[PDB]
Amino acid sequence: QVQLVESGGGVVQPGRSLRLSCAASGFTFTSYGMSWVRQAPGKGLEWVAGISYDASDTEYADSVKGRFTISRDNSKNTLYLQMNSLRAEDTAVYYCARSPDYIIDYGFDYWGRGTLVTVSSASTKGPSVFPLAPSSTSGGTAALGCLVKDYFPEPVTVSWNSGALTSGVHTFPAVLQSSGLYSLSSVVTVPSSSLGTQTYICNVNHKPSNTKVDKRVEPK
Amino acid sequence: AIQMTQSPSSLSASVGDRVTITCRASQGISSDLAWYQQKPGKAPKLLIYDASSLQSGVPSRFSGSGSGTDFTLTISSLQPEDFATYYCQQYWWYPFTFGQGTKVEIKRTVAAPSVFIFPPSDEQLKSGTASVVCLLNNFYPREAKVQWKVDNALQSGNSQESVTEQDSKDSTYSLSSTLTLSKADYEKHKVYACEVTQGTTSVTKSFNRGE
Ligand SMILES: [K+]
Ligand SMILES: [K+]
């Protein structure tokens, strides 16, 4: 059972340093090359660094050379990525990946779950949740939602009626505002005849700030 | 570094169709090419190595070919679980580089959006900013033009769009357009309108600040 588990992600101010770890199990770790691959939000894949089975050879991407250091502890079955002089462009989900080789050729056959690294000067903040209230101005179907605004960092999770309401739910991906804070909306379409009897509550969880907000969305 | 270019950036196909994704390298890379599949919120999965060798556990409908600078990934009979983003990757020389990705989406008939407009809440106005949200619900294809009008004045630079992935029920998209104004600017105007144009249809949903 090959398992790769990253850890050490989070928020880091520009210029600071952060150290990621990758715990490997389920295979002879000392026989395989390992790499770090990152993916910026909404962007493609970028290979970051790679290290041979015996740690005798390392290679790096052009944008990280001189700032990042990849290493491994073959007695602890752990891979490391030391990230120095971090920049906003380093914001990404970071994966550790195995190659089916003692170097890092032939692609990446096993991947970890990924850990989010957010490089920004913004401070951690829970979301302000405002209602997107319905009128009925739309026939037998009414639209309502919640504006989840000005939180940092990613991610938030949104449910409706504690998970009892799933049909018609659309939760948009976050956008980074000029303030450095994130914002998104979650919407749902419901029968307009239910607006007077059924209550609709969006449940917004922001684990980075340990904040959960429940907002009752009432017709206006 | 070697630049990898995929074509197209996105394509829409149906279950059972034959899909071909092309990947091209700026230099010769022999057969040192890998193919990956990635779905939202998940890590990529290796599909093919050495340009044509199938990875273990990958269905035989996936096949790769090509050498040098021209490579293709072929899905002979597209299945519902194949709709995802596909990447190529060269390991010919360091630094290793990926293509920009090709998104294989579900083809369906055109669908007009249901347009809703939401004024800013009284709660948000007490913060000093006003967010006006326009919702385009369940439309296809992805393309749509959204314009904000505030007292017939066309707005620009103060709105942001966000799109969901294809719905698991009807394979449509939804889009939000958020107009961000200061509280002072919001109170100085009356009519706020969201105009959505798709094909031969333009729909304008509006509200008057006060009603
Ligand atoms: K082994
Ligand atoms: K080296």
Side-chain angles (χ1 to χ4, degrees), chain A residues 4 35 37 39 43-50 59-65 93 95 97 99-101 103-114 128-134 137-138 141-145 147 149-150 167-168 170-175 177-178 183-185 187 189 220, chain B residues 1 6 32-36 38 40-50 53 55-56 85 87 89 91-101 114-124 127 129 131 133 135 137-138 160-165 167 169 173-176 178 180 205 207:
Chain A
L4 306 175
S35 289
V37 178
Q39 187 171 30
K43 299 306 178 184
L45 301 169
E46 183 183 18
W47 175 83
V48 179
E59 309 291 340
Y60 298 90
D62 290 335
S63 61
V64 307
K65 282 177 180 171
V93 174
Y95 304 91
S99 289
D101 201 4
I103 55 184
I104 55 175
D105 273 9
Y106 306 119
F108 309 107
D109 57 350
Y110 285 97
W111 297 64
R113 207 53 165 258
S128 298
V129 185
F130 305 111
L132 297 169
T137 182
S138 53
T141 293
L144 58 98
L147 174 61
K149 193 172 183 297
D150 296 340
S167 175
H170 293 132
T171 300
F172 294 91
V175 298
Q177 302 167 104
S178 58
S183 177
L184 64 80
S185 290
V187 302
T189 50
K220 189 181 183 65
Chain B
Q6 302 184 215
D32 291 359
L33 182 90
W35 282 100
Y36 299 88
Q38 187 184 29
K42 306 288 185 176
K45 300 174 183 173
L46 179 60
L47 296 170
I48 290 177
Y49 64 101
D50 193 50
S53 295
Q55 175 67 7
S56 62
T85 302
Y87 296 89
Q89 177 237 330
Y91 50 93
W92 172 248
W93 196 234
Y94 311 106
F96 295 165
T97 49
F98 291 85
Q100 86 279 359
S114 307
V115 185
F116 308 87
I117 186 168
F118 299 100
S121 64
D122 292 334
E123 183 181 355
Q124 185 189 20
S127 68
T129 61
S131 301
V133 177
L135 170 65
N137 209 38
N138 300 31
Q160 290 178 324
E161 287 183 0
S162 182
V163 189
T164 62
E165 302 294 289
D167 194 320
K169 180 178 179 178
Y173 305 90
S174 288
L175 183 147
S176 68
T178 306
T180 299
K205 293 284 180 177
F207 67 89

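Throughout, protein chains are lettered first and strands after them, A, B, ... in sequence-line order, and every chain is numbered starting at 1. Only heavy atoms go into these numbers, but all of them, side chains included; no hydrogens, no water, no symmetry mates.
Residue contact with chain A, scored on non-hydrogen atoms closer than 4.5 Å, involves the side chain of B:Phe118 exclusively. At a 4.5 Å heavy-atom cutoff, the contact between A:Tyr95 and chain B is made by side-chain atoms alone. Using a 4.5 Å cut-off between heavy atoms, A:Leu147 contacts chain B through its side chain alone, with no backbone atom that close. Using a 4.5 Å cut-off between heavy atoms, B:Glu123 touches chain A through backbone and side chain atoms alike. Both the backbone and the side chain of A:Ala143 have a heavy atom closer than 4.5 Å to some heavy atom of chain B. For chain A, the nearby part of B:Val163 is the backbone; its heavy atoms alone come within less than 4.5 Å. Proximity to chain B (any heavy atom under 4.5 Å) is restricted, for A:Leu144, to the backbone atoms N, CA, C and O. No part of A:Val48 comes within reach of chain B, as not one of its non-hydrogen atoms sits under 4.5 angstrom from that chain. Neither the backbone nor the side chain of B:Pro120 comes within contact range of chain A, judged by heavy atoms closer than 4.5 Å. With a threshold of 4.5 angstrom between heavy atoms, A:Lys220 approaches chain B through side-chain atoms but not through N, CA, C or O. With a 4.5 Å cut-off on non-hydrogen atoms, B:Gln160 touches chain A through its side chain but not through its backbone. Residue contact with chain A, scored on non-hydrogen atoms closer than 4.5 Å, involves the side chain of B:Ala34 exclusively. For a residue to count as touching a neighbouring chain, one of its non-hydrogen atoms must lie under 4.5 Å from one of that chain's; by this rule A:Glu46 touches chain B with the backbone only. Heavy atoms of B:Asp50 lying under 4.5 Å from chain A are absent altogether. A:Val64 does not touch chain B: none of its heavy atoms, backbone or side chain, sits under 4.5 Å away.
Highest contact tally toward chain B, considering only A:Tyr60, A:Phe108, A:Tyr110, is held by A:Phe108 [criterion: heavy-atom pairs under 4.5 Å]. Highest contact tally toward chain A, considering only B:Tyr94, B:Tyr49, B:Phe116, is held by B:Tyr94 [criterion: heavy-atom pairs under 4.5 Å]. Note: A:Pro131 leads A:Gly114, A:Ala61, A:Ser178, A:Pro131 in heavy-atom pairs under 4.5 Å with chain B. When each of B:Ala1, B:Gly41, B:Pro40, B:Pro44 is checked for heavy-atom pairs under 4.5 Å with chain A, B:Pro44 comes out on top. Comparing A:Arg113, A:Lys149, A:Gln39 by heavy-atom pairs within less than 4.5 Å of chain B, the highest count is held by A:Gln39. Contact count against chain A (heavy-atom pairs under 4.5 Å) is highest for B:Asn137 among B:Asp32, B:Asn137, B:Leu47. In terms of heavy-atom pairs under 4.5 Å with chain B, the best-connected choice from A:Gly168, A:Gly107, A:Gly44 is A:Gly107. When each of B:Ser121, B:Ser174, B:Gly101 is scored by its heavy-atom pairs under 4.5 Å with chain A, the top score falls to B:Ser174.
Surrounding OH of A:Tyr106 are at most 12 heavy atoms belonging to other residues, nucleotides or ligands under 6.0 Å away. Counting non-hydrogen atoms of other residues, nucleotides and ligands closer than 6.0 Å to NZ of A:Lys43 gives a total of 12 or fewer.
Checking B:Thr164 against A:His170 by side-chain atom types alone, no donor-acceptor pair falls below 3.5 Å. A donor-acceptor contact closer than 3.5 angstrom links the side chains of A:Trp47 and A:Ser35. Residues B:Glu161 and B:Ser176 have side chains that never bring a donor and an acceptor to within less than 3.5 angstrom of each other. Using modelled atom types, one finds no donor on one side chain facing an acceptor on the other under 3.5 Å when comparing A:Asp150 with A:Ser128.
The side-chain heavy atoms of B:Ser162 and B:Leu175, taken from C-beta on, include no pair separated by under 4.5 Å. In this structure, the side chains of B:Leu135 and A:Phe172 come closer than 4.5 Å at one or more pairs of heavy atoms. You'll find the side chain of B:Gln124 reaches within 4.5 Å of the side chain of B:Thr129, heavy atoms only.
Of all non-hydrogen atoms in A:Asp105 and B:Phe96, the two that sit nearest each other are OD1-CZ, 3.8 Å.
At distances below 3.5 Å, not a single donor-acceptor pair connects side-chain atoms of A:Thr189 with backbone N or O atoms of A:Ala142. Under a 3.5 Å cut-off, the side chain of B:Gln100 and the backbone N or O of B:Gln6 do form a donor-acceptor pair.
In this pair, B:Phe98 and B:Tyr36 present their aromatic rings tilted. The plane angle is within the 30 to 60° band.
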side-chain contact (heavy atoms from CB on, under 4.5 Å) between B:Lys205 and B:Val115, worked out: CA-CA 7 Å; B:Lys205 293 284 180 177; B:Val115 185; 3.6 Å; yes
